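A.B. asks: Below is the structure I would like to discuss, written out as structure tokens.
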Amino acid sequence: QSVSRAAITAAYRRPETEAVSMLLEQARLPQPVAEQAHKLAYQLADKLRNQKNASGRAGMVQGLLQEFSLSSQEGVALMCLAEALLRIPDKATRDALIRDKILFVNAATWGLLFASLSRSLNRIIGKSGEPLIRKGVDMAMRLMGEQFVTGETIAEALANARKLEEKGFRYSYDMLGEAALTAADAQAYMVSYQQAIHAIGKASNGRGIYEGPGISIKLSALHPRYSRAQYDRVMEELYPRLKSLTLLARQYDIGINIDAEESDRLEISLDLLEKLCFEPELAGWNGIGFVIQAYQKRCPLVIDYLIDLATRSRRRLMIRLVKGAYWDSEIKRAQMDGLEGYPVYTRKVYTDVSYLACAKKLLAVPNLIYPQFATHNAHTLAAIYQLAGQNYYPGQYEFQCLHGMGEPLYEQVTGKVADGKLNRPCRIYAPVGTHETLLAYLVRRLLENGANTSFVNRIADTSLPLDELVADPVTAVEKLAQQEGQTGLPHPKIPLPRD
Ligand SMILES: Cc1cc2nc3c(=O)[nH]c(=O)nc-3n(C[C@H](O)[C@H](O)[C@H](O)COP(=O)(O)OP(=O)(O)OC[C@H]3O[C@@H](n4cnc5c(N)ncnc54)[C@H](O)[C@@H]3O)c2cc1C
Ligand SMILES: O=C(O)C1(C(=O)O)CCC1
């Protein structure tokens with residue numbers, strides 16, 4: 001194998017204490033940079049919470065709830081009398097009433113500022129059955145998934161883009177659908193991507209790979225049963241499709257990004273990337289995109305490979321750095337194979353340290369990589385902004401975020417300094433499709449929003465202080481090493497696969 005390639009295979013499942021200890025010093029921000037990252041992260045997160053004055057509103061609740069000292073339900077019943085007294089139009093009537101004589105409709109809305117259904121459930125199922133089950137699951141899937149979808153068709157989504165593109169946001173469009181099971185399914189996904197490239201290209205109109213929209217694709221949509229697909233069949237069947245779409249994105253000069261999926265396909269996607277990058281028809285073109293997952297132990301080794309690849313094939317690569325979306329499934333997979341170890345980290349803070357270390361690796365080679373830092377975590381953003389150094393220029397890097405999750409945070413980021421933003425561009429990942437293609441994406445978003453470890457989850461918990469929410473991962477890791485006795489131990493509730 002190649003020297004860069006061999007090192008990747010060597011790190012597939014390396015001990016977690018080993019991996020974390022190596023990344024730790026590459027991820028440590030120097031004390032001056034670290035404090036500036038702290039301030040900016042604190043500001044971003046504070047404005048995200050006290051947006052509708054959610055923080056200070058809870059303060060006046062706790063204050064009057066102290067002085068008067070009654071139930072939380074008692075406080076809500078007080079607001080209801082207060083609101084109905086404020087609805088008395090004449091003051092002299094209201095006050096004389098307060099002293100002479102002395103409805104709960106909006107107590108619901110007031111409660112938010114402060115088991116019998118289980119009977120209905122067991123009851124409803126018996127008479128209704130697997131039809132009721134399959135309908136309700138579909139129903140909640142559409143209802144929860146609306147917020148994550150840009151449009152049902154490529155044309156409806158291109159239209160939805162202008163509002164934010166006029167403010168300096170970019171877009172990457174994703175035609176939903178993945179893990180093709182039949183040659184037909186893969187063929188159809190091939191069609192909907194070509195149709196999308198045309199639409200997004202006519203829309204782009206020469207704006208170019210950096211400043212115009214682009215497209216994101218999944219190899220697993222392009223080949224039947226990609227899960228266990230063999231090497232020779234993938235190159236004969238998938239690669240010509242990957243080539244074709246990429247040629248097409250070049251003619252329109254739009255970025256085309258290869259999404260990263262489950263970790264046992266990292267090898268094969270590198271093989272496809274390696275061949276794509278030496279097509280003569282793509283020589284001198286820099287529009288090829290590739291996601292790397294910082295939660296994998298071999299991400300730093302992939303970066304060394306990609307850096308060498310960009311040199312050998314004489315192009316600048318567009319590399320989306322992400323943490324990763326399949327962590328639950330990666331762990332359950334590794335636990336069932338009883339394999340040597342895990343390919344991903346087992347403590348969330350380890351992934352953050354991985355991400356910070358990989359970001360520095362990417363920022364050091366602007367001639368060979370255009371970094372695209374995908375994240376919704378205020379501290380992560382703040383740290384990359386500091387790590388990228390003074391004297392920003394547009395093509396140095398960009399941020400990325402998911403439709404439905406990133407806009408509140410990046411609206412402090414993309415925009416003019418005069419209007420109080422950071423003047424850094426953000427590309428919004430924009431899914432496109434109907435109900436029939438939303439399931440796997442939605443589930444991954446439910447796993448993301450619902451985890452106690454996720455930034456977007458903890459920012460909502462106004463009982464968690466901002467200083468803990470934006471705390472520094474290197475320091476977190478070193479605080480554990482000192483309490484536990486050694487740097488980088490696996491998560492306690494997650495033993496090694498064979499145990
Ligand atoms: C625009 C965009 C494109 C993306 N494309 C891809 C892609 O092609 N492939 C892909 O896999 N991901 C991709 N992601 C990432 C994924 O979808 C999540 O959005 C991302 O991981 C969340 O990171 P965050 O820094 O915003 O949140 P943070 O909450 O600070 O990080 C959360 C992440 O930490 C990781 N994590 C959670 N628990 C643990 C644990 N116990 N041990 C170790 N690690 C843990 C998971 O990666 C989790 O998602 C993309 C994200 C964005 C924004
Ligand atoms: O991580 C992934 O593969 C993404 C998904 O959830 O489909 C693409 C953007 C996140």
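Quick note on naming: the chains in the structure tokens go A, B, ... in the order shown, residues restart at 1 in each chain, and ligands are numbered from 1 in order of appearance.
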Would you name the residues within 6 Å of ligand 1, counting only C-alpha atoms and all ligand atoms, and put them as JSON, numbers by chain?

C.D. replies: {"A": [259, 260, 261, 291, 293, 295, 322, 323, 324, 325, 326, 327, 345, 346, 347, 348, 350, 351, 374, 375, 376, 377, 400, 401, 402, 429, 448, 453, 454, 455]}

A.B. asks: Please produce a file of those selected residues containing C-alpha atoms, as a CSV table (one decimal), in the first residue's frame.

C.D. replies:
chain,number,residue,atom,x,y,z
A,259,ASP,CA,-20.5,12.9,2.2
A,260,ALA,CA,-18.8,10.6,4.7
A,261,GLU,CA,-20.9,7.7,6.0
A,291,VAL,CA,-15.9,15.0,4.3
A,293,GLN,CA,-15.0,12.7,10.5
A,295,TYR,CA,-14.7,11.3,15.8
A,322,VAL,CA,-17.0,17.3,10.8
A,323,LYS,CA,-17.3,15.4,14.1
A,324,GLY,CA,-19.7,12.7,12.7
A,325,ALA,CA,-23.3,11.6,12.5
A,326,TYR,CA,-23.2,7.8,13.0
A,327,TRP,CA,-21.7,7.5,16.5
A,345,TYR,CA,-13.9,7.9,20.4
A,346,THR,CA,-16.1,6.9,23.3
A,347,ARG,CA,-16.1,10.2,25.2
A,348,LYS,CA,-17.6,13.3,23.4
A,350,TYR,CA,-12.3,13.3,22.9
A,351,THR,CA,-14.0,14.0,19.6
A,374,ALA,CA,-19.1,22.2,9.9
A,375,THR,CA,-20.3,22.7,13.5
A,376,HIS,CA,-23.2,24.1,15.6
A,377,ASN,CA,-21.0,24.3,18.8
A,400,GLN,CA,-20.9,25.0,7.5
A,401,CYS,CA,-24.1,24.2,9.3
A,402,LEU,CA,-27.2,22.1,8.8
A,429,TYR,CA,-26.4,22.0,4.1
A,448,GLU,CA,-28.0,14.7,17.5
A,453,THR,CA,-23.6,15.5,25.1
A,454,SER,CA,-24.7,17.7,22.2
A,455,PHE,CA,-24.0,21.4,22.3

A.B. asks: Excluding segment 30-42 of chain A and any residue of its chain fewer than 2 positions from it, enumerate the residues within 7 Å of it, using only C-alpha atoms, and give them as an MDAnalysis selection string.

C.D. replies: chainID A and resid 28 44:46 378:379 382:383 386 466 470

A.B. asks: Find the distance between atom CA of residue 62 of chain A and atom CA of residue 113 of chain A and write it in Å to one decimal.

C.D. replies: 10.4 Å

A.B. asks: Smallest atom-to-atom distance to ligand 2: which of A:438, A:105, A:317, A:6, using only C-alpha atoms and all ligand atoms?

C.D. replies: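 For ligand 2, the nearest of the given residues is A:438.
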
A.B. asks: Excluding same-chain residues fewer than 4 positions from segment 211-223 of chain A, what lies within 6 Å of it counting only C-alpha atoms, as a list in words?

C.D. replies: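 Near neighbours after the sequence-gap exclusion: residues 170, 171, 172, 173, 174, 178, 179, 180, 186, 204, 207, 238, 254, 255, 256, 257, 258 and 259 of chain A.
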
A.B. asks: Residues of the last selection are to be written out with N, CA and C atoms, as a tab-separated table (two decimals), in the first residue's frame.

C.D. replies:
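What landed in part_32.tsv:
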chain	number	residue	atom	x	y	z
A	170	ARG	N	-23.89	30.59	1.90
A	170	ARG	CA	-23.87	29.69	0.76
A	170	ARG	C	-24.70	28.45	1.07
A	171	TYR	N	-24.85	27.61	0.05
A	171	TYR	CA	-25.68	26.42	0.14
A	171	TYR	C	-24.96	25.22	-0.46
A	172	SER	N	-25.13	24.07	0.20
A	172	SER	CA	-24.86	22.77	-0.40
A	172	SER	C	-26.16	21.98	-0.37
A	173	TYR	N	-26.59	21.49	-1.53
A	173	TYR	CA	-27.87	20.83	-1.65
A	173	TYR	C	-27.71	19.32	-1.61
A	174	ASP	N	-28.60	18.67	-0.86
A	174	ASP	CA	-28.57	17.23	-0.69
A	174	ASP	C	-29.90	16.67	-1.15
A	178	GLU	N	-30.55	7.33	0.38
A	178	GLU	CA	-29.25	6.74	0.67
A	178	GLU	C	-29.43	5.23	0.77
A	179	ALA	N	-28.30	4.52	0.79
A	179	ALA	CA	-28.30	3.08	1.00
A	179	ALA	C	-29.22	2.36	0.01
A	180	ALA	N	-29.00	2.64	-1.28
A	180	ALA	CA	-29.76	1.95	-2.32
A	180	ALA	C	-29.68	0.45	-2.13
A	186	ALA	N	-30.55	2.73	-7.09
A	186	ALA	CA	-29.30	3.45	-7.35
A	186	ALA	C	-29.39	4.27	-8.62
A	204	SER	N	-26.35	28.77	-10.26
A	204	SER	CA	-25.07	29.35	-9.83
A	204	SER	C	-24.59	30.41	-10.82
A	207	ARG	N	-20.93	31.74	-10.58
A	207	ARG	CA	-20.47	32.25	-9.30
A	207	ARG	C	-19.28	31.47	-8.73
A	238	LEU	N	-19.84	1.86	-9.48
A	238	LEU	CA	-20.06	3.14	-8.83
A	238	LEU	C	-19.17	4.22	-9.42
A	254	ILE	N	-19.48	24.12	-10.12
A	254	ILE	CA	-20.05	24.12	-8.78
A	254	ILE	C	-19.35	23.05	-7.95
A	255	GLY	N	-19.23	23.31	-6.65
A	255	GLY	CA	-18.58	22.35	-5.78
A	255	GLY	C	-19.41	21.09	-5.68
A	256	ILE	N	-18.73	19.94	-5.66
A	256	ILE	CA	-19.40	18.65	-5.49
A	256	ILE	C	-18.73	17.88	-4.35
A	257	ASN	N	-19.47	17.63	-3.28
A	257	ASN	CA	-18.92	17.13	-2.03
A	257	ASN	C	-19.37	15.70	-1.80
A	258	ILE	N	-18.43	14.83	-1.43
A	258	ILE	CA	-18.72	13.42	-1.16
A	258	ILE	C	-18.96	13.27	0.35
A	259	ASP	N	-20.23	13.08	0.74
A	259	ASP	CA	-20.53	12.91	2.15
A	259	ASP	C	-19.81	11.67	2.70

A.B. asks: What lies within 12 Å of residue 50 of chain A using only C-alpha atoms, ignoring chain neighbours under 5 positions off, as a list in words?

C.D. replies: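 Once the adjacent positions are removed, what remains is residues 42, 43, 44, 45, 55, 56, 57, 58, 59, 408, 459, 460, 462 and 466 of chain A.
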
A.B. asks: Can I get the selected residues back with N, CA and C atoms, as a PDB file, in the first residue's frame?

C.D. replies:
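So the final result, stored in out_12.pdb, reads:
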ATOM      1  N   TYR A  42     -18.282  32.553  24.697  1.00  0.00           N
ATOM      2  CA  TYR A  42     -19.245  33.006  25.697  1.00  0.00           C
ATOM      3  C   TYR A  42     -20.261  33.970  25.090  1.00  0.00           C
ATOM      4  N   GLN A  43     -19.785  34.930  24.290  1.00  0.00           N
ATOM      5  CA  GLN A  43     -20.681  35.911  23.677  1.00  0.00           C
ATOM      6  C   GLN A  43     -21.682  35.241  22.753  1.00  0.00           C
ATOM      7  N   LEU A  44     -21.187  34.389  21.848  1.00  0.00           N
ATOM      8  CA  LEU A  44     -22.061  33.695  20.910  1.00  0.00           C
ATOM      9  C   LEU A  44     -23.128  32.897  21.645  1.00  0.00           C
ATOM     10  N   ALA A  45     -22.722  32.162  22.679  1.00  0.00           N
ATOM     11  CA  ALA A  45     -23.673  31.330  23.408  1.00  0.00           C
ATOM     12  C   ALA A  45     -24.633  32.183  24.226  1.00  0.00           C
ATOM     13  N   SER A  55     -32.938  34.112  29.326  1.00  0.00           N
ATOM     14  CA  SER A  55     -32.175  34.026  30.564  1.00  0.00           C
ATOM     15  C   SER A  55     -32.706  35.014  31.596  1.00  0.00           C
ATOM     16  N   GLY A  56     -32.762  36.299  31.239  1.00  0.00           N
ATOM     17  CA  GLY A  56     -33.197  37.309  32.190  1.00  0.00           C
ATOM     18  C   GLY A  56     -34.652  37.182  32.589  1.00  0.00           C
ATOM     19  N   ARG A  57     -35.484  36.604  31.714  1.00  0.00           N
ATOM     20  CA  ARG A  57     -36.881  36.369  32.072  1.00  0.00           C
ATOM     21  C   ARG A  57     -36.988  35.354  33.199  1.00  0.00           C
ATOM     22  N   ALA A  58     -36.184  34.286  33.149  1.00  0.00           N
ATOM     23  CA  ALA A  58     -36.186  33.327  34.252  1.00  0.00           C
ATOM     24  C   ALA A  58     -35.700  33.968  35.547  1.00  0.00           C
ATOM     25  N   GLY A  59     -34.910  35.042  35.444  1.00  0.00           N
ATOM     26  CA  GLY A  59     -34.398  35.690  36.641  1.00  0.00           C
ATOM     27  C   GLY A  59     -35.487  36.366  37.453  1.00  0.00           C
ATOM     28  N   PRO A 408     -29.553  30.306  13.702  1.00  0.00           N
ATOM     29  CA  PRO A 408     -29.431  31.252  14.831  1.00  0.00           C
ATOM     30  C   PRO A 408     -27.995  31.588  15.204  1.00  0.00           C
ATOM     31  N   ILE A 459     -27.270  23.799  25.294  1.00  0.00           N
ATOM     32  CA  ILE A 459     -27.476  25.242  25.311  1.00  0.00           C
ATOM     33  C   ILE A 459     -28.905  25.551  25.709  1.00  0.00           C
ATOM     34  N   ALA A 460     -29.839  24.645  25.396  1.00  0.00           N
ATOM     35  CA  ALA A 460     -31.240  24.836  25.748  1.00  0.00           C
ATOM     36  C   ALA A 460     -31.476  24.733  27.247  1.00  0.00           C
ATOM     37  N   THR A 462     -31.104  26.021  30.388  1.00  0.00           N
ATOM     38  CA  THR A 462     -30.719  27.285  31.013  1.00  0.00           C
ATOM     39  C   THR A 462     -30.295  27.114  32.475  1.00  0.00           C
ATOM     40  N   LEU A 466     -23.094  29.177  31.344  1.00  0.00           N
ATOM     41  CA  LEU A 466     -22.422  29.379  30.063  1.00  0.00           C
ATOM     42  C   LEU A 466     -20.965  28.934  30.126  1.00  0.00           C
TER      43      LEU A 466
END

A.B. asks: When distances are computed from only C-alpha atoms, which of A:352, A:13, A:148, A:498 shows the smallest separation from residue 263 of chain A?

C.D. replies: A:13
